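This document starts with two versions of one protein chain, written out as structure tokens and named structure 1 and structure 2.
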Structure 1
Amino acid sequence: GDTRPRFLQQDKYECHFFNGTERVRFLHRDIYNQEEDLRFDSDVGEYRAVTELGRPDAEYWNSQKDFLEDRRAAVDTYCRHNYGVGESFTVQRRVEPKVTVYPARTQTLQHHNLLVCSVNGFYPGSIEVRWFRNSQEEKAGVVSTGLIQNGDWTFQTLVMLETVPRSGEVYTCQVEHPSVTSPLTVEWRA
């Protein structure tokens, strides 16, 4: 029942890495409530107000030679340093997907068959999941939940396939992920 006005202050120090640390872009974003008002982009070299609220600050910080020089070295002293420290368990993190196939536990339309290909606990998020009706990618009648974050450095994604149970058919879910040298496959005995 607390309806008092809230006032929020956010500050984000961003380090964007391209091709290893070949190219690094440092960014300081100051956000009031939900509006970024001040920003320091390593590509610009100085603070600049994004909204009027940051104008006073941009003018002040820029007039601070020492400070301004420190922020100009962030790409190295801050960004590359941290990247070096965390690379081993972040940039290099890799967890193989656990693939399982099964028919949806709930069905609407009863002559068709909803097959579910669950790809669980993988990392990085980059992944390719495809269906194959014996040796023909059923690019049609395929719906996916898209990439889903579990919040614990693992992703999951379900790719459903609408089918019609016919004797002799052997559906196969094929998964490609950077954690494996060859694609993972799981067949479904119809």
Structure 2
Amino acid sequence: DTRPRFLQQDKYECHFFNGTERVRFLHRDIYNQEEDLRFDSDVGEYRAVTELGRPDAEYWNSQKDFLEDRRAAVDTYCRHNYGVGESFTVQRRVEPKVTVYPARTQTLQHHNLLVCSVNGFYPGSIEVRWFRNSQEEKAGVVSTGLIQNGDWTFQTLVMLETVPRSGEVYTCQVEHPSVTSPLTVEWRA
């Protein structure tokens, strides 16, 4: 199918810094894939990014009253919607499920790859550390980055490539805002 498609995309964004201590509101009118019209709570009025929005901007900017009301959103819309459900978003907390296994077992005579697989934890923010005999493995570490599962949970994989010695005790340390004390799992020889 090749018949042309035309897309309209409207985005109303509420950006919060320090809880609700500093809120920002934006309205992005988008055509196909370019933003043409945009209201910034920090500017007060509408701005036309591309000539496509020109008319709109100048027509709304003349209504000083309405143009005012939109500034209010930071309260009527943003700060309001914030509390309407911080109970199940800002304060969501799902504990990480950590597991440490190494790719290829047989290979404990030469180069190997240890894998720390953190799964299903919520607050995106997390931090993993690889300890070779209680000693930060500051390098030679490869991470998957943060991965969004799309179901309000994340997963991530941090792997350690090392030459396994029958004594060395490598530990994976996971720090995440859902546990009082750090999460650690060990693996050696």
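Between two forms, the rigid core is the largest collection of C-alphas that superpose within 1.5 Å. Residue indices: 1-based, along structure 1.
The two forms, fitted on the rigid core, differ between structures 1 and 2 by less than 2 Å at the CA of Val85. Relative to the superposed rigid core, the position of the CA of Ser126 differs between structures 1 and 2 by less than 2 Å.
Core-superposed comparison between structures 1 and 2: the CA of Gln149 stays below a 2 Å shift. Core-superposed comparison between structures 1 and 2: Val75 shows a Cα shift of 0.8 Å. Core-based alignment between structures 1 and 2 gives a C-alpha movement of 5.1 Å at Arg105.
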